[PDB]
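Asks: Please see the structure below; I have some questions.
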RNA sequence: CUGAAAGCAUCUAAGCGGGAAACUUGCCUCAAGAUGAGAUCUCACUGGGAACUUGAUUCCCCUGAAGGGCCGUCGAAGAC
RNA sequence: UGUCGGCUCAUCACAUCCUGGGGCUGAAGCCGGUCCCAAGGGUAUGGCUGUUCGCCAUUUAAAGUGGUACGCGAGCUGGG
RNA sequence: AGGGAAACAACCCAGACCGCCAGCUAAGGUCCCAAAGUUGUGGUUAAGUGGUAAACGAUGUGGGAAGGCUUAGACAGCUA
Ligand SMILES: [Mg+2]
Ligand SMILES: [Mg+2]
Ligand SMILES: [Mg+2]
Ligand SMILES: [Mg+2]
Ligand SMILES: [Mg+2]
Ligand SMILES: [Mg+2]
Ligand SMILES: [Mg+2]
Ligand SMILES: [Mg+2]
Ligand SMILES: [Mg+2]
Ligand SMILES: [Mg+2]
Ligand SMILES: [Mg+2]
Ligand SMILES: [Mg+2]
Ligand SMILES: [Mg+2]
Ligand SMILES: [Mg+2]
Ligand SMILES: [Mg+2]
Ligand SMILES: [Mg+2]
Ligand SMILES: [Mg+2]
Ligand SMILES: [Mg+2]
Ligand SMILES: [Mg+2]
Ligand SMILES: [Mg+2]
Ligand SMILES: [Mg+2]
Ligand SMILES: [Mg+2]
Ligand SMILES: [Mg+2]
Ligand SMILES: [Mg+2]
Ligand SMILES: [Mg+2]
Ligand SMILES: [Mg+2]
Ligand SMILES: [Mg+2]
Ligand SMILES: [Mg+2]
Ligand SMILES: [Mg+2]
Ligand SMILES: [Mg+2]
Ligand SMILES: [Mg+2]
Ligand SMILES: [Mg+2]
Ligand SMILES: [Mg+2]
Ligand SMILES: [Mg+2]
Ligand SMILES: [Mg+2]
Ligand SMILES: [Mg+2]
Ligand SMILES: [Mg+2]
Ligand SMILES: [Mg+2]
Ligand SMILES: [Mg+2]
Ligand SMILES: [Mg+2]
Ligand SMILES: [Mg+2]
Ligand SMILES: [Mg+2]
Ligand SMILES: [Mg+2]
Ligand SMILES: [Mg+2]
Ligand SMILES: [Mg+2]
Ligand SMILES: [Mg+2]
Ligand SMILES: [Mg+2]
Ligand SMILES: [Mg+2]
Ligand SMILES: [Mg+2]
Ligand SMILES: [Mg+2]
Ligand SMILES: [Mg+2]
Ligand SMILES: [Mg+2]
Ligand SMILES: [Mg+2]
Ligand SMILES: [Mg+2]
Ligand SMILES: [Mg+2]
Ligand SMILES: [Zn+2]
């Protein structure tokens, strides 16, 4: 863990092995990341490195944020991310590329999932609908009971109701790297990765792995 | 082990002891005479 | 002739430092709460904050008598069903030593807007030093 | 309120409230609690003389 | 209190250093035994050693006898260390000593290895006997007991690791 | 395990260990309105006058930056 | 102050049904009996009947016992 | 009606004509919330007993009045 790269989800595809099996693969494009600031114990408490990637037009970078990108001669990119490193050295102006990963190499991919605006309890919480016949009155996909009588006589906190299947951040753990394309800056990963095409994804070494 | 409210010796080799504020019977002769509570 | 009342604009306040390094938890806290309220001054009025500032340095070395070290328990609820949570004196000294003295003193103060201003004048630390040398606190024996 | 303030003033002179009242009744003094609480705040030098009068009564 | 009224009878070649309550015994082939005493205990150095009590309380009386026995073990250990015997009963059970690693095959799928802490030494004169040696009773008896819980003895056939003087209760199938 | 009160025995009274899906972490997410409102990097603003109830004061003129918003083209973001 | 059963959605106790750790056994092994600790997570589909229940058929690691207005009709039904 | 019993018609104290920024007491109390003893002398408890309980069980500990053995060797151990 503790050090990774920021990329963009390009889409899903497949690759065929020689023995005939097909591997479902998600392509991730990782343009080289640029070290923006190094955070240590004697300056910040914790210990981490700060990273930027992409490209940003000069009219959208503000004066405060431009002088931060100019302390380290880095040039502005879209967004800024921070990786909480364990014991590593990085000078301001360094490069971090896909070349810190190998084949095999279980990795964790963090992204922001697709957004389903305002969802019911069947879609959100996997509830089961009532009857579609046999006398049911306008109560087909509604939740049902949400408590008890006088005792408590209130709805308990954390009750499952409807609203906003999230465009929140999730991580999928223990995904296998199939191929690393150093020259084209690609990272072919076996499985599915959260989010839509063109979104930012964080790729870090496997948190668990072990077996 | 036998958990009762009336623990007491069952033969010569039984031994009433009090361990962490609980009365127990430990017997070297027969492992069937162990008792707790009481 | 009308009874004197303290104006909150000209109240005299002093800084003291007390060492909680072997003292009983409950007998240390009653004296702390007595100073935070002003019950040691003849200007005490029940509706102004006229006490002093207290600094406690060696919080983790406070002690309790009997079997309370392993048996005294601390409870709090989170608002969700089955959200009752527990901890004991032994484990809370390791986890957060300062919360032990603040919890004892906090329950001995009034539970109203004024009782929360008096609690704001207590500083509890776990070392042998405090950041308040600019105020020059004086030594207070229990 | 008067009692709580005589209590604070007596202990600065080394005496509790209950031991002060016992001494005051013992000597002869019969000043109110309303006037005693007023001297404790303002005329502190007069309150001190009354307190050490109550101690001198061996109470 | 008959244990507390008995001297220690320190052997010929030893040394007693007494700086406050902290006490030590020096000896041969093993030395440097240390412990301190509760503030309720008396030790009177002489050509021998004697134990008394500051107080008359009940706890102080019970702890006087523990001090006499604990120091006595310290005295014997530096002179004549304590030693424990373990026997193995059952086919295919064998133990071999290798420096500070003792390997035991006790019928499991995988042979196990026991690590001997500093101090004690184990050596196996046979392939079914273990000899634990050391300088303190508490550490020697702890490691011996740690080697027994791998396979404590069975009543039907006696298979397992047993002490060389432990009586094993036996029985027969119904 | 060592060990007495109670020459023995004894896991306990002083001392030292092993031990479960329960407990605290480890995994994921939210999280300084944590009014106890934390920390880091960078950026901006460097004029006069009067009245006083004489300093965290009031008014007048000039100057309004860093930046934010309105607006418009939209979006795998969205009831607004 | 709308009273049985079904449906949807639950929440807690432990006097534990399964999984977890142990003592005794009239415990050889594979199986069991009984008691102790343990509430983290799980804990059937149908035929008959308005049924809860029950009896059958075939499964399961197991098909727990209870409190919540015998939980739940300004959430549904309306067979009794 | 007032004070106490946390809150608490029927329990304890006590029966409100009005005003006072005066004093003494009852029940109940005097470490902090919260008015008043971290008061003095002699003991008991280690159970947070105090701050919920029965038959029954136990070398928990304080006090008291008497017994049986015992330097002709008592009681535990250890050797026949
Ligand atoms: Mg959407
Ligand atoms: Mg259905
Ligand atoms: Mg119907
Ligand atoms: Mg209709
Ligand atoms: Mg319809
Ligand atoms: Mg729910
Ligand atoms: Mg029972
Ligand atoms: Mg235990
Ligand atoms: Mg409140
Ligand atoms: Mg012994
Ligand atoms: Mg033993
Ligand atoms: Mg102990
Ligand atoms: Mg452990
Ligand atoms: Mg574990
Ligand atoms: Mg499992
Ligand atoms: Mg629990
Ligand atoms: Mg903030
Ligand atoms: Mg801040
Ligand atoms: Mg601008
Ligand atoms: Mg913006
Ligand atoms: Mg839109
Ligand atoms: Mg409950
Ligand atoms: Mg149970
Ligand atoms: Mg069970
Ligand atoms: Mg079980
Ligand atoms: Mg079992
Ligand atoms: Mg069993
Ligand atoms: Mg449960
Ligand atoms: Mg549960
Ligand atoms: Mg359950
Ligand atoms: Mg857990
Ligand atoms: Mg059925
Ligand atoms: Mg039918
Ligand atoms: Mg019922
Ligand atoms: Mg019910
Ligand atoms: Mg009902
Ligand atoms: Mg029910
Ligand atoms: Mg309803
Ligand atoms: Mg309905
Ligand atoms: Mg109904
Ligand atoms: Mg309703
Ligand atoms: Mg209705
Ligand atoms: Mg309706
Ligand atoms: Mg009909
Ligand atoms: Mg009908
Ligand atoms: Mg009343
Ligand atoms: Mg009551
Ligand atoms: Mg009342
Ligand atoms: Mg009086
Ligand atoms: Mg009285
Ligand atoms: Mg109140
Ligand atoms: Mg008071
Ligand atoms: Mg006292
Ligand atoms: Mg209690
Ligand atoms: Mg109780
Ligand atoms: Zn027995």
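Derivation of every value follows stated rules applied to the coordinates shown; laboratory data play no part. Neighbour counts are summed over all protein chains in view; Cβ atoms, including those assigned to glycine, are modelled from backbone coordinates with ideal geometry.
Asks: Sorted from fewest to most neighbouring beta carbons within 10 Å, what does the list E:124, A:36 look like?
Replies: E:124, A:36
Asks: Take every Cα pair under 8 Å in the stretch A:105-211 that's 6+ residues apart, average their separations, divide by the length, and report that relative contact order as a whole percent. Spell out each step's value before the answer.
Replies: Values: 174 pairs, mean separation 50.0, N = 107.
Once normalised by length, the contact order is 47 percent.
Asks: Can you give the angle from 0 to 90° between the axis of helix D:2-12 and the longest principal axis of chain D, with both taken from C-alpha atoms, to the nearest 10?
Replies: 70
Asks: Hey, another quick one. Could you work out, residue by residue across C:36-42, how many beta carbons of other chains sit within 10 Å of that residue's beta carbon, and then give the average as an integer?
Replies: Working: counts 0, 0, 2, 5, 4, 6, 17.
Going residue by residue through C:36-42 and averaging, the value is 5.
Asks: Could you check which residue among A:134, A:164, A:68 shows the biggest mean-square fluctuation in a GNM of chain A with a 10 Å Cα cutoff?
Replies: Among A:134, A:164, A:68, the largest mean-square fluctuation in the Gaussian network model of chain A belongs to A:134.
Asks: Right, something else. Apply 1/(1 + (r/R0)^6) to the Cβ-Cβ distance of residue C:9 and residue A:80, taking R0 = 45 Å, and write down the FRET efficiency to the nearest 0.05. Mind dumping the intermediate values first?
Replies: On the way: r = 48 Å, r/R0 = 1.08.
With a Förster radius of 45 Å, E is 0.40.
Asks: Let a ≥ b ≥ c be the square roots of the eigenvalues of the Cα gyration tensor of the stretch C:40-87; is it rounded (a/c under 1.5), or, if not, prolate (a/b larger than b/c) or oblate? Working shown, then result.
Replies: Details: a/c = 3.03, a/b = 1.57, b/c = 1.93.
In terms of gyration-tensor shape, oblate.
Asks: Of all alpha-carbon pairs in the stretch C:91-142, indicate the percentage at a distance above 14 angstrom.
Replies: Details: 860 of 1326 pairs.
For the stretch C:91-142, the share of Cα pairs beyond 14 Å comes to 65 percent.
Asks: Let me ask you something else. Counting DSSP beta bridges with both partners in the stretch C:13-96, what percentage is antiparallel, nearest 5?
Replies: 50
Asks: Size of chain C along its principal axes in angstrom, Cα-based, largest extent first?
Replies: Here the spans come out as 57, 38, 28 Å, largest first.
Asks: Now a separate question. Determine the equivalent ellipsoid of chain E by diagonalising the alpha-carbon gyration tensor, then write out the semi-axes as square roots of 5 times the eigenvalues, largest first, rounded to whole Å. If you can, show how the numbers build up before the last one.
Replies: Working: eigenvalues 304, 79, 32 Å².
One finds semi-axes of 39, 20, 13 Å for chain E.
Asks: Another question, if that's okay. If contacts are Cα pairs under 8 angstrom and at least 6 residues apart, what is the relative contact order of the stretch E:47-174 in percent? Don't skip to the end; give the middle numbers.
Replies: Working: 189 pairs, mean separation 30.3, N = 128.
Taking the mean separation of contacting Cα pairs over the length of the stretch E:47-174, I get 24 percent.
Asks: Hey, what number do you get for chain E at 222 nm if only DSSP H runs of n ≥ 4 count, each worth -39500 (n - 2.57), divided across all residues, to the nearest 500?
Replies: Values: 2 runs with 34 residues, N = 174.
Mean residue ellipticity, 222 nm, calculated: -6500 deg cm²/dmol.
Asks: Just subtract the alpha-carbon distance of residue E:14 and residue E:80 from 0.36 nm times their residue separation and send over the number in nm, one decimal. Walk me through the numbers on the way to the answer.
Replies: On the way: separation 66, 0.36 × 66 = 23.76 nm, distance 1.13 nm.
Full extension of this stretch gives 22.6 nm more.
Asks: Percent relative contact order of chain D, based on C-alpha pairs within less than 8 angstrom and at least six residues apart? Walk me through the numbers on the way to the answer.
Replies: Numbers: 49 pairs, mean separation 26.5, N = 59.
Once normalised by length, the contact order is 45 percent.
Asks: Considering only DSSP beta bridges where both residues belong to the protein assembly as shown, give the percentage that are antiparallel (nearest 5).
Replies: Details: 91 of 104 bridges.
So the antiparallel bridges in the protein assembly as shown amount to around 90 percent.
Asks: May I ask you to derive the FRET efficiency for residue A:197 and residue A:138 from their Cβ-Cβ distance with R0 = 25 Å, giving the value to the nearest 0.05? Kindly include the intermediate steps, with their values, before the conclusion.
Replies: Working: r = 40 Å, r/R0 = 1.59.
Given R0 = 25 Å and the Cβ-Cβ separation, E is 0.05.
Asks: Let me ask something else about it. Measure nothing fancy, just the Cα-based angle from helix E:137-148's long axis to the longest principal axis of chain E, in degrees from 0 to 90, nearest 10.
Replies: 10
Asks: Please report, in Å, the Rg and the Dmax of the stretch D:7-59, where both are computed over Cα atoms only.
Replies: So, for the stretch D:7-59, Rg and Dmax equal 9.7, 27 Å respectively.
Asks: Then there is this: Counting C-alpha atoms alone, how compact is the stretch A:30-175: give Rg to one decimal and Dmax as a whole number, in angstrom.
Replies: 24.6, 72
Asks: Using a Gaussian network model of chain E with C-alpha springs under 10 Å, which one of E:97, E:53, E:144 is most mobile by mean-square fluctuation?
Replies: E:53
Asks: Return the calculated 222 nm mean residue ellipticity for chain C, to the nearest 500 deg cm²/dmol, obtained by summing -39500 (n - 2.57) across DSSP H runs with n ≥ 4 and dividing by the residue count. Don't skip to the answer; put the middle values down first.
Replies: Numbers: 5 runs with 40 residues, N = 142.
That calculation yields -7500 deg cm²/dmol at 222 nm.
Asks: Order by neighbour count: E:105, E:1, fewest other Cβ atoms within 10 Å first, most last.
Replies: Numbers: E:105 15, E:1 12.
Listed from fewest to most nearby Cβ atoms, that is E:1, E:105.
Asks: Would you mind checking the tilt of helix E:58-79 against the longest principal axis of the Cα atoms of chain E, expressed as 0 to 90 degrees and rounded to 10?
Replies: 70
Asks: Hey, in the GNM for chain D with a 10 angstrom Cα cutoff, which one of D:22, D:45, D:37 fluctuates hardest?
Replies: D:45
Asks: What are the semi-axes of the equivalent ellipsoid of the stretch E:1-65, taken as the square roots of 5 times the eigenvalues of the Cα gyration tensor, listed largest first and rounded to whole Å? Can you show the working numbers first?
Replies: Numbers: eigenvalues 106, 36, 19 Å².
Those come to 23, 13, 10 Å.
Asks: Give me the distance in nm between label points sitting 7 Å out from Cα along the Cα-to-Cβ direction at residue C:1 and residue C:77, one decimal.
Replies: My value for the distance between the label points is 5.3 nm.
Asks: Continuing with this model, one more query. Using every pair of alpha-carbon atoms in the stretch E:52-149, split the distances into 10 Å bins beginning at 0 and state the percent of pairs per bin, rounded to integers.
Replies: 14, 37, 23, 14, 9, 2
Asks: For peptide D:32-43, what's the mean number of Cβ atoms from other chains within 10 Å of each residue's Cβ? Before the final figure, lay out each step's value.
Replies: On the way: counts 0, 0, 2, 1, 0, 3, 5, 1, 4, 8, 2, 0.
Partner Cβ neighbours, averaged per residue: 2.
Asks: In whole angstrom, note down how far apart the Cα centers of the stretch C:105-140 and the stretch C:33-61 are.
Replies: Here the answer is 8 Å between Cα centres.
Asks: What value, in deg cm²/dmol to 500, does the helix sum -39500 (n - 2.57) over DSSP H runs of n ≥ 4 give at 222 nm once divided by the residues of chain D?
Replies: My calculation for chain D gives -22500 deg cm²/dmol from helical runs alone.
Asks: Taking a ≥ b ≥ c as the square roots of the eigenvalues of the Cα gyration tensor of the protein assembly as shown, is the shape rounded (a/c under 1.5), prolate (a/b larger than b/c) or oblate? Let's see the in-between values first.
Replies: Numbers: a/c = 1.83, a/b = 1.05, b/c = 1.75.
Judged from the Cα gyration tensor, the protein assembly as shown comes out oblate (a/c at least 1.5, b/c at or above a/b).
Asks: Considering only DSSP beta bridges with both partners in chain C, what is the antiparallel share in %, to the nearest 5? Spell out each step's value before the answer.
Replies: On the way: 5 of 15 bridges.
Given both bridge residues lie in chain C, the antiparallel proportion sits at roughly 35 percent.
Asks: Another one. With a ≥ b ≥ c the root eigenvalues of the C-alpha gyration tensor of the stretch A:1-111, is it rounded (a/c under 1.5), prolate (a/b larger than b/c) or oblate? Could the numbers behind the result be given before it?
Replies: Numbers: a/c = 3.09, a/b = 1.67, b/c = 1.85.
Note, shape of the stretch A:1-111 comes out oblate.
Asks: Once label points are set 7 Å from the Cα along Cα→Cβ at both residue C:21 and residue C:103, what is their separation, rounded to one decimal in nm?
Replies: 2.5
Asks: Given R₀ = 41 Å, what would the calculated FRET efficiency be for residue A:131 paired with residue A:172, taking r from the Cβ atoms and rounding to 0.05? If you can, show how the numbers build up before the last one.
Replies: Values: r = 37 Å, r/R0 = 0.91.
After rounding to 0.05, the efficiency reads 0.65.
Asks: Which order results if C:124, E:89 are arranged by neighbouring Cβ count within 10 Å, fewest first?
Replies: Working: C:124 19, E:89 16.
In order of increasing Cβ crowding within 10 Å: E:89, C:124.
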